[PDB]
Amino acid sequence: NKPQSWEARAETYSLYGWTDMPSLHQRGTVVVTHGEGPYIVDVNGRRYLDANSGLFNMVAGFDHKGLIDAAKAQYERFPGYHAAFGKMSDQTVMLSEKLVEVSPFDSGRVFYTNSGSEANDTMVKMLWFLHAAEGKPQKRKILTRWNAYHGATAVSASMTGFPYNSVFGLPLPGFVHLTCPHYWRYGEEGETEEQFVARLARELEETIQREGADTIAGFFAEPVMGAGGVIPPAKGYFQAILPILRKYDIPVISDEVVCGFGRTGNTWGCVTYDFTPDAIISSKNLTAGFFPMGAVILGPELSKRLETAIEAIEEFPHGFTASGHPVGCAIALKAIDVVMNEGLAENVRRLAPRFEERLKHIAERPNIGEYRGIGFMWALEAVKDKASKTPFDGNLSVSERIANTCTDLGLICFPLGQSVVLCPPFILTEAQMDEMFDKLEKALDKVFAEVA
């Protein structure tokens, strides 16, 4: 008794991750064979505009010729190696040099992983290693924010600030979640945005005092929270929090897995938000989704401190088999060049006003609580009643209903909580942006007619 169809074969042998099981059993798996620009095509020849760039990562679309050619050229040249035991590829050396150049740091060091989750798990281990070598082995606690998304390893999931991780008995101890700087949701009745920011700065100081400054290893922040629902921080957030972190000597890590390489309208989200971190975590767009790469980019201060610590023990006992893979490195070098120098990053800057203008129009609807975002990352929040910010009952699954209707209309978008997220490829044309909105608006009309 064996499955025949693509859908039945997918259900027979897969253990689905991040998949709504009632929707999958009703609809079946979407099995994808190829793409063209920002579109994907399934086994039945149905085409969909992927307004999420797959998982925010396919910024140059699904059939980019330059990137396809660069990947093919490296398989022909040198198809695989590692970057451990004093060896690495020429591609690895070139990418480390390029990443330091394009980072906001004047100098630094790069460590590779396959994923953003491994890179955050790596940065945590690096802090534990460094602080212990410096005589502060108790400096282990990691500060992140509620609604932050840092990954899926036990450590990077512990950094992630969502109730869903309770199914794993996570977070592990030592992982502290601060208030999410989403003013619309977390600002209290009668609390101004200025007071909200002052409260988060106070809450951080109280946390450092109650935990003990000598017990805190680092602070990680996505400049704009991505997978958490596209959450630009409340005005003045970083200007209020960063001096508190610097005062208590707590390293600042910018998780640039989503914001890195152009989505916020600048090469880095930390540049958009005008702050210089001690380290950067990069993945996703790093290869435009063509290869699994992650990177820890260490600024001058942490590089020098880790270098001293590594020299004293004579080795850094950490790494992954494919870290610094020559194919991944050649692909990243091309992705960086394509985004920065072939007009993709500029296109996000060019089209962001038109993107916001349309969302502002959509937000006039009685069932849209707000629109939020920047550059090419945006979200629309659904509400039952606007004035009170009352959401629809969780059992109505409004966001999944919108995303499913979108799929039926030939549009892929990302549902999260009571929100619908749009993070389309940087190659999106004005006509394709209109197509994305026309389909989304049709889906919103359908769903809200059913639930309101």
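Just count from 1 along the sequence shown to find any residue number.
**Student:** Look over 210-218 and 274-282 in the entry and identify the one with the greater average Cα temperature factor.
**Tutor:** Higher mean C-alpha B-factor in the PDB entry: 210-218.
**Student:** Comparing 250-258 with 237-245, which has the greater mean CA B-factor as deposited?
**Tutor:** On average, C-alpha B-factors are higher across 237-245.
**Student:** Quick one: which of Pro79, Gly116, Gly369, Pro232 has the biggest Cα B-factor according to the entry?
**Tutor:** The listed residue with the largest C-alpha B-factor is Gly369.
**Student:** Going by the entry, which of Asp337, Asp90, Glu346, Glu314 has the most elevated CA B factor?
**Tutor:** By C-alpha B-factor in the record, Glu314 ranks first.
**Student:** How does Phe162 rank on Cα B-factor within its chain, lowest, middle or highest third?
**Tutor:** CA B-factor rank for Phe162: middle third.
**Student:** Rank-wise, by C-alpha B-factor, drop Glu188 into the lowest, middle or highest third of its chain.
**Tutor:** Highest third, going by the recorded CA B-factors of the chain.
**Student:** Give the position of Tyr48 by CA B-factor within its chain, expressed as the lowest, middle or highest third.
**Tutor:** CA B-factor rank for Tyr48: middle third.
**Student:** Going by the CA temperature factor in the PDB record, which third of the chain does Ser96 belong to: lowest, middle or highest?
**Tutor:** Lowest third of the chain for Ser96's C-alpha B-factor.
**Student:** Sorting the chain's CA B-factors, does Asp106 end up in the lowest, middle or highest third?
**Tutor:** Highest third of the chain for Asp106's C-alpha B-factor.
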